[PDB]
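A short write-up of the structure that comes next.
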Amino acid sequence: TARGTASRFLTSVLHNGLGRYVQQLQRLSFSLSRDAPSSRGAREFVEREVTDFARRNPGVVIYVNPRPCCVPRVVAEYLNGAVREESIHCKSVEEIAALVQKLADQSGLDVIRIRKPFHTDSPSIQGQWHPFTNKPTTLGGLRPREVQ
Amino acid sequence: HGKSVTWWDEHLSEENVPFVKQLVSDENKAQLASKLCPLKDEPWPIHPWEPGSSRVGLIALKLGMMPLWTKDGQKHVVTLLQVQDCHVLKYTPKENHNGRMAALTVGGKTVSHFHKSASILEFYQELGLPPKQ
Amino acid sequence: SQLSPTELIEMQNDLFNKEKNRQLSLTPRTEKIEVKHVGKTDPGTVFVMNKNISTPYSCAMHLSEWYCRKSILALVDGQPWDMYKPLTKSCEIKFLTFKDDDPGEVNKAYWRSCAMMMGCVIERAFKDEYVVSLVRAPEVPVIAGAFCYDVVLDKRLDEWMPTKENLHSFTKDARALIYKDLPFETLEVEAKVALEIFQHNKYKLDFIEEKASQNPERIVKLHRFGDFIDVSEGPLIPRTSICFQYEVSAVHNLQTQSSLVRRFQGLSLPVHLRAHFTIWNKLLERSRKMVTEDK
Amino acid sequence: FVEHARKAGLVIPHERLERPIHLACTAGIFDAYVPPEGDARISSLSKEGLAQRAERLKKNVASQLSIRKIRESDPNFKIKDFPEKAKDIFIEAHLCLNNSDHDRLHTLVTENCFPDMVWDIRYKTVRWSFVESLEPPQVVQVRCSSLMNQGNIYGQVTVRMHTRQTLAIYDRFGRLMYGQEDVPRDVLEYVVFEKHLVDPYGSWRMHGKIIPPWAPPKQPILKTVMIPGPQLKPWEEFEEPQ
Amino acid sequence: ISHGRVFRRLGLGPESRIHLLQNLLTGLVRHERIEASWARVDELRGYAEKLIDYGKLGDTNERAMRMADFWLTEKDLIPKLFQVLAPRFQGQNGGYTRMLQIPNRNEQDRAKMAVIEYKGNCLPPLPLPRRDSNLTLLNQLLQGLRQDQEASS
Amino acid sequence: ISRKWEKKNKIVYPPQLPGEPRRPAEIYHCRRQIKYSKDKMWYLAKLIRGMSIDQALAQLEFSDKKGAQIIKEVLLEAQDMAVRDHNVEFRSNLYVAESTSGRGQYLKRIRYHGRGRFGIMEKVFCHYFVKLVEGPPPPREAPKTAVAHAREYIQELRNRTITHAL
Amino acid sequence: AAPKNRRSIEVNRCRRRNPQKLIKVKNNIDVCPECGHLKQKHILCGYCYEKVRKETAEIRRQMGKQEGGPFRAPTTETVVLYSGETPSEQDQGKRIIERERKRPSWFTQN
Ligand SMILES: [Mg+2]
Ligand SMILES: [Mg+2]
Ligand SMILES: [Mg+2]
Ligand SMILES: [Mg+2]
Ligand SMILES: [Mg+2]
Ligand SMILES: [Mg+2]
Ligand SMILES: [Zn+2]
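Residue numbers (the entry's author numbering), protein chains in the order written: chain Bg, 2 to 149; chain BE, 42 to 174; chain Bc, 30 to 324; chain Bi, 56 to 297; chain BR, 9 to 161; chain BW, 45 to 210; chain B5, 79 to 188.
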């Protein structure tokens, strides 16, 4: 609900994408069990896809730990200092894949109501409206009833 | 700052008490007997009687009621009213009050300075009368 | 010596500080001391305190705040002690109030403090161009309808005498001085370094030489509040703000053969005793005349 | 308060408790050696003090009677070794009150000692340092006590010791109360150690700390303190002594 | 509406309030100083004061006598009225009585309590309020006005 | 139940490094199970907030309330514990930081009526808490001057923005 | 009449936290010139009045000792004495009360 949450204007992290675009995702930590069924999809993903994804994205580090865990989890972390938590719990390979790619393309910025779609610095080129702008001046700059 | 409640009479010794009282009452008699003589002081312009005129009023003290008779034989009751001290206080010109008639402020009987407020006693010391009720 | 008004200030103050930290540099290293309470109120009472640090004010805080609101002056032995004046040796302390039976000590000290204030108010109320040489604080008895302070002013300034405007300004700044609450602080100096503080004011140095003349040890008694420092006889009240109703009544010029000296007449009262309006006015009328007792 | 209402509440019935209360220690210090009133000036002369101590040790009959019962009950025992272990038990005891480790503090100090050194200090910060022992620890005397009930013998070895210590006591809000950590103050302690004999675990302990009569008044405390006169009721008049 | 009513209504009614005042007056005249409820005492004060001007009418006057008969319950007290109380009051017309207000009662009901007294009783002096002395800075400041009101006359 | 307040006086801090501001004293003290009501209590404990302790005892002393005495004793207790158990110079250097009442565990009784109806009655109990802080009483807050309000107003007109504008 | 709706804690607050319902600060509080205790300006000192009350009580007892009945009251004025005192001629011819305490500070001889 709008009045429930915070908000943020639309923004770039460190003015990203202007000079050169920099993938904002820093590291990923997968935790799964070699044994448990819950991790099943995320095991297969680790086999086949992870390798290639790593090659897809040099900028991100990937830490993959089998541990005795019952709920498969992946934790994104961002240059923004932001961290995001996720469950890969009981998902397909296709599913996981799509999700990691979601994490890949995010700001790291928080998901909150974004007040308006456009962030513009100095929208006002050629002027910014003020009351007088369309009013004709008179001779001597006199008032309505002022005399000289 | 816990500043305490204070009235006048608090710290006065047995000695200074009647001195304060006499001092005040005396300056009262002086103050009243001074303006006892209006016409020689600086009397304002006296104007003739215009037809649509309105005279100043008074402040009185209701004394009692008393029967009184008419040459015709009928009986009345009447009010004993006593001016005690009536002194006009300030004057507001016509346009500074009603925009119609100018207003004349008038005072009542005299009372103790000790029990009134600073602002007021200041106003009176700039006139020079004792305090009115 | 080419010197600014602010520089005078910085000098007197910094010297005062050097003196203070010299009294502190005796290396007492917290020696314990003891005081007994001879007061009518809380007998059998005892204060183990810090020698040459703790004050008779800081003694009142072991009793109650009541003492602290109430007490202007402290009698230790037979002597009046200012409230913030640190105690020297182990002694016996009594406390003193405006409403007590024989205030005369207190009353004097009040008149004193009162004068000192006005002196300060005067000094800094005059243009940088002119010269104000502050003189002294003549000590009158209380039945005298005012308190007094002596001031010499620049020779081109000699002709004028004030308007109730100027006086009312003095009074305004006086109350503005009351407002900010400034402690009264006491230091004891040898004449040698005391004279260096005053310097340029001649009459001051003279008074220092007299005072340190009648005392064997060349002892000068210095009082300070905020930026201002004066030498006076006797103790002062503890806080600026004890004064409530304050005035500069009149000024009256008087002239010796060798000097032209204006006397300031003023009148004031403490919060505790505060006078009603009419009364206040009458005292303010008697405060107008010249009141002379220098001897 | 010492009070009992015998009017109602009767008398707590006299019990034989099935277990006799087992005390590791006896509180009392039997015989207190009172050091010479000139021990400050004889402490700057090495072979004056050391000579008087060793002399009064060899010469005393009680001392060597007690060291005889200790030696005959407890083999491998020596009086020339002891002031070493004793000076150690100290530096362990106080180092314990620093860290506030009370588990070791029981192993070291005696039943009578613990309540005191722990009690009033337990909410504050204690930081204490051991720098110099100016005069090495001196064994003053030994006392045995025979309980004919238990056959239990309690040896108590007295160690008079000169020391250099830096003590800083902070109050529970973080502010300093007693003394600096920067002054390695000179202290003269008269100390008492105790051991239980019949005990198979034979621990050697700190029993008590005694201060001689003329001992120097301690460091001035920081905060001012008020000693109140007697509280008066309304009808009671005050009276002042000369 | 109470306008110009001179008596507070106490006890069970008119007569009750009178016998109430009977006891209070009895006690006053025996013990010479009593503490009681502020209103009751303030009220009583009038009666206490006029009883003494009946006493001043001498042992012989009949009106005065049966008056004191009724108003003093212990008959023993009637002599003390005429012989003791009335003669030691001669010079002073109305100044018989001191009534002061005492701190509120320390019972749970906490009433407003006063103490009432015959001047020149023999009892410990009530700790009355004193005016400030004439050494006070203020009064002292007035003595100047005083002496300069003497010096210009 | 809950006893928490009392145990706030067991908290032992790390010593102060030199040069830092000396931290003021703090004392938590409270009485439990008072025969007073919670509310009537409230007013008393509201009366004394902010005052210097002697001021507090001044007011407390002369009031007619039952609770007056009791709060009073707690304040004396608090004072003396403050200087004795903790380290404080100057026992009049205190002020009241926090003063309040909680409700205690209530007894339950019958209140008869007539026609044999009965209300259920509560015998009331209550707790009083106070935290005392050594120092000069924190200065009471003056109403904003006109100069404040105007400043606000302007600050606001100058917070304004055209909205939905980009 | 029966209340139609439970009131809010807000409304209840604004009723009973109202300034008119609050306990006001009494500013006439002072200290006793004698015992340094406290009293309101217009009222006797409780403590001093207590010394008084006690003494009065004792006196009344000792004058219940000199009186041998419920109804017996003297026809003369009475005066009280303390350790080491004597009736003056002015004060002789009166009933006397002999008490053990030394004459107190506040009480005068008269
Ligand atoms: Mg009426
Ligand atoms: Mg009734
Ligand atoms: Mg009346
Ligand atoms: Mg029935
Ligand atoms: Mg039924
Ligand atoms: Mg209910
Ligand atoms: Zn008293």
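Here a beta-carbon is modelled for each residue, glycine too, at the ideal position from N, C-alpha and C.
Across which residues does DSSP place residue i in a beta bridge pair?
{"i": "residue 259 (chain Bi)", "result": "250 (chain Bi)"}
{"i": "residue 178 (chain Bc)", "result": "293 (chain Bc)"}
{"i": "residue 158 (chain BW)", "result": "161 (chain BW)"}
{"i": "residue 252 (chain Bc)", "result": "215 (chain Bc) and 259 (chain Bc)"}
{"i": "residue 220 (chain Bi)", "result": "185 (chain Bi) and 240 (chain Bi)"}
{"i": "residue 109 (chain BR)", "result": "122 (chain BR)"}
{"i": "residue 8 (chain Bg)", "result": "114 (chain Bg)"}
Measure the CB-CB distance between residue i and residue j and report whether it falls below 7 Å.
{"i": "residue 32 (chain Bg)", "j": "residue 91 (chain Bg)", "result": "no"}
{"i": "residue 49 (chain BR)", "j": "residue 110 (chain BR)", "result": "no"}
{"i": "residue 145 (chain BE)", "j": "residue 124 (chain BE)", "result": "no"}
{"i": "residue 340 (chain Bc)", "j": "residue 145 (chain BR)", "result": "This structure cannot speak to residue 340 (chain Bc), because chain Bc is shown only from 30 to 324."}
{"i": "residue 163 (chain Bc)", "j": "residue 135 (chain Bc)", "result": "no"}
{"i": "residue 70 (chain BW)", "j": "residue 177 (chain BW)", "result": "yes"}
{"i": "residue 131 (chain BW)", "j": "residue 90 (chain Bc)", "result": "no"}
{"i": "residue 3 (chain Bg)", "j": "residue 114 (chain Bg)", "result": "yes"}
{"i": "residue 92 (chain Bi)", "j": "residue 259 (chain Bi)", "result": "no"}
{"i": "residue 76 (chain Bg)", "j": "residue 86 (chain Bg)", "result": "yes"}
Any idea what DSSP makes of residue i, helix, strand or coil?
{"i": "residue 106 (chain Bg)", "result": "helix"}
{"i": "residue 81 (chain Bc)", "result": "coil"}
{"i": "residue 90 (chain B5)", "result": "helix"}
{"i": "residue 322 (chain Bc)", "result": "coil"}
{"i": "residue 96 (chain Bc)", "result": "helix"}
{"i": "residue 299 (chain Bc)", "result": "strand"}
{"i": "residue 88 (chain BW)", "result": "helix"}
{"i": "residue 236 (chain Bi)", "result": "coil"}
{"i": "residue 315 (chain Bc)", "result": "helix"}
{"i": "residue 285 (chain Bc)", "result": "coil"}
{"i": "residue 275 (chain Bc)", "result": "strand"}
{"i": "residue 22 (chain BR)", "result": "helix"}
{"i": "residue 80 (chain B5)", "result": "coil"}
{"i": "residue 158 (chain Bi)", "result": "helix"}
Between which two residues does the alpha helix (DSSP H) harbouring residue i extend?
{"i": "residue 141 (chain BW)", "result": "Segment 138-147 is the beta strand (DSSP E) holding residue 141 (chain BW); no alpha helix (DSSP H) there."}
{"i": "residue 143 (chain Bc)", "result": "133-152"}
{"i": "residue 98 (chain BW)", "result": "97-106"}
{"i": "residue 3 (chain Bg)", "result": "It is not in any alpha helix (DSSP H) - residue 3 (chain Bg) carries neither H nor E in the DSSP assignment."}
{"i": "residue 199 (chain Bc)", "result": "193-208"}
{"i": "residue 117 (chain BE)", "result": "It is not in any alpha helix (DSSP H) - residue 117 (chain BE) instead sits in the beta strand (DSSP E) that spans 116-123."}
{"i": "residue 101 (chain Bi)", "result": "101-114"}
{"i": "residue 127 (chain BR)", "result": "Element bounds for residue 127 (chain BR): n/a, residue is neither H nor E."}
Please report the residue range of the beta strand (DSSP E) in which residue i lies.
{"i": "residue 87 (chain Bg)", "result": "84-88"}
{"i": "residue 247 (chain Bc)", "result": "Note, residue 247 (chain Bc): premise wrong, no beta strand (DSSP E); not H, not E."}
{"i": "residue 45 (chain BR)", "result": "41-45"}
{"i": "residue 105 (chain BE)", "result": "102-110"}
{"i": "residue 66 (chain Bg)", "result": "62-67"}
{"i": "residue 286 (chain Bi)", "result": "Looking at the DSSP string, residue 286 (chain Bi) is not in any beta strand (DSSP E), and its letter there is neither H nor E."}
{"i": "residue 28 (chain Bg)", "result": "26-33"}
Which residues in chain BR sit within 7 Å of residue i, going by Cβ to Cβ distance?
{"i": "residue 60 (chain BE)", "result": "150 and 154"}
Counting only Cβ pairs nearer than 9 Å, list the residues of chain BW close to residue i.
{"i": "residue 60 (chain Bc)", "result": "Correct list: empty, because the minimum Cβ distance to chain BW is about 17 Å."}
Listing by chain order, which chain BR residues have their CB less than 9 Å from the CB of residue i?
{"i": "residue 56 (chain BE)", "result": "139, 142, 147, 150, 151 and 154"}
Given that residue i touches chain Bi, what residues does it touch there, using C-beta distances under 9 Å?
{"i": "residue 125 (chain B5)", "result": "289"}
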